[PDB]
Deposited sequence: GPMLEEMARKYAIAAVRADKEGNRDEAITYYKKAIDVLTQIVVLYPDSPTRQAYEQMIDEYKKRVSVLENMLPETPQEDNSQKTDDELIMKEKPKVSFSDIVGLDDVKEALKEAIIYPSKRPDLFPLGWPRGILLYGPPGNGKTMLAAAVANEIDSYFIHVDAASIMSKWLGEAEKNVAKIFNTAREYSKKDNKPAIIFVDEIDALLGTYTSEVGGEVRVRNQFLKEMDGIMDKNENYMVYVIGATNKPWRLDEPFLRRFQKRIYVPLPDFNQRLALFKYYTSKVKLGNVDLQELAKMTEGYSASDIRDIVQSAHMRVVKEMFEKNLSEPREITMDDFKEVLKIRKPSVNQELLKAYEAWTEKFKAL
């Protein structure tokens, strides 16, 4: 569904995806020195890596093949599955004159037989892209990383993104006099998925009250409800984990 224009902020992430995938897919003649087919999206979990990847496929009218690495690693059947993913990508790309994107969620789960088969297919496509997503980029060894020449940090949401997230999630519920700009100010450090969880939990407070009081509709959610949720629900990404991303980035 999603396109770049549905996505608030992330201007640097968008630019880096345009440079790596959208521009060369639209104008391959403008990249005579070549371009990477392996894009690594990395950073804290619950920040829209999957949605960014889907949005890229929409921008370039690509086929999108969504792969979860943990499901491949629990199949033998696994090498066959890796081969079949890349060959489906190739055959559909050529047959329809259209790029194909293989999105591999939790790519670090591949970590050696599957790892080796995977890298051989990467070398082989080098119009198919592989976007790998990880929140543990330190788990990838340097040889593995050499097939991913574009590495993009996807950050925690900033003020404008948090505000758009609250607007989106709360449009589904009944709010009282709740200033969404102040909820966004108070949530510096929380991830996109923490924000969804905050709204769900604030709604759960009023629903639970409605049942306990035997009423038929919940009351409006108030600022008091959100603050009570934020006392218990802390950012799921702490300072330690964030400095690990900075250290990995400067190193790589």
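Going by the record, the unmodelled stretches of the deposited sequence, in order, are 1-94, 170-171, 208-217, 233-238, 365-367.
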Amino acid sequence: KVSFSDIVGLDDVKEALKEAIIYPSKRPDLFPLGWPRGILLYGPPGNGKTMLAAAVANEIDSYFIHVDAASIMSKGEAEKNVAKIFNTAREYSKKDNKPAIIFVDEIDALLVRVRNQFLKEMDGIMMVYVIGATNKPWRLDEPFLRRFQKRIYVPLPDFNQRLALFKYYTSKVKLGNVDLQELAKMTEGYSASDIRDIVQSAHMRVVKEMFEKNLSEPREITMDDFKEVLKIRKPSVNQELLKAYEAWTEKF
From here on, numbers count along this sequence of modelled residues.
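Two stretches are in play, 97-105 and 114-122, and the higher mean C-alpha B-factor belongs to 114-122. For the two regions 144-152 and 77-85, the entry's Cα B-factors average higher over 77-85. Out of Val173, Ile72, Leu165, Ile131, it is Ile72 whose C-alpha atom has the highest B-factor in the PDB entry. Residue-level temperature factors show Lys243 in the highest third of its chain, judged at the C-alpha atom.
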